[PDB]
């Protein structure tokens, strides 16, 4: 009941991120379609957490540049949240922020520029922007999906937030919807939970659902992408939409996203609390950066591997639902993979151990 908050280091500790690794030798790309960041907020934040500030650079795509608006409740909140969460957990990595116009082409161009960048050479790309998969122009969905396929071929990992408006994803057409780019089978879709944890243990972790007014994790069954071969044993249910139908299940993994148990951050000079699935992609991008540093080679496309790893690698979320539109409880969490939290929250050290050759 009483609202709380954590620093990124607290959440990483709860999820047991591997120690002694900081992402040295890695580069994390962050995609931004609006706003910007200021050096004052970043320097203050990293210093406050006692970590050596990672190098952060801006890259202009299609004329867009780093332009913070100054409003802590605006897009700066998204941009700075992404950099602060990823940078605080992988401070040894270099952060490259790609700014592009808020258009379908800008979104695509930012992704491809980051993926093929010979100067910054990112090994990981984190995305916290999106929209209902069925509201996108089919041609755009195709181009972006191929960009993600190319990234997988090049050994670059791509992570994306699953959404903050439950199973209906903000649409009021009497149907359930999943978000894109999260729906792409080549993206690691990140869902959200309500985490109650301390340094040594997780007391409780449930589906993030604060009703219509507070938001809920995105999740469901795609109506565009078929069920991937590597996800056929996860027991993804048929769509809840009349007519049913098999499809790629969203999300793949999940992490703390409930604003009521959110992240303490500094946005445009203001210390505040922010949540949402937007925080989960950069959180796990940092985890991947640590793993890559240890392995000496980038893990790149992880989805196929994740679904065949032993279940002990994840913390299974079984309680709650992401329905904020009606009383039907579509969709509900349960044992194993579900359309609210996927495989659950990852156990960092167990994931690294399982990925060691």
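Numbering follows the first chain given and starts at 1.
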22-30 versus 307-315 - greater average Cα B-factor per the deposited record: 307-315
Mean C-alpha B-factor comparison - 347-355 and 3-11, higher one: 347-355
Among 84, 78, 205, 134 - the residue whose C-alpha B-factor is largest in the record: 134
Residue with maximal Cα B-factor (values as given in the PDB entry) among 119, 278, 123, 231: 119
Ranked against its chain, the third holding the CA B-factor of residue 164: lowest
Entry-reported Cα temperature factor of residue 99, expressed as the chain third it lands in: middle
Relative C-alpha B-factor of residue 197, binned into the chain's lowest, middle or highest third: middle
CA B-factor ranking of residue 149, expressed as a third of its chain: middle
Assigned third (lowest, middle, highest) for the C-alpha B factor of residue 326: middle
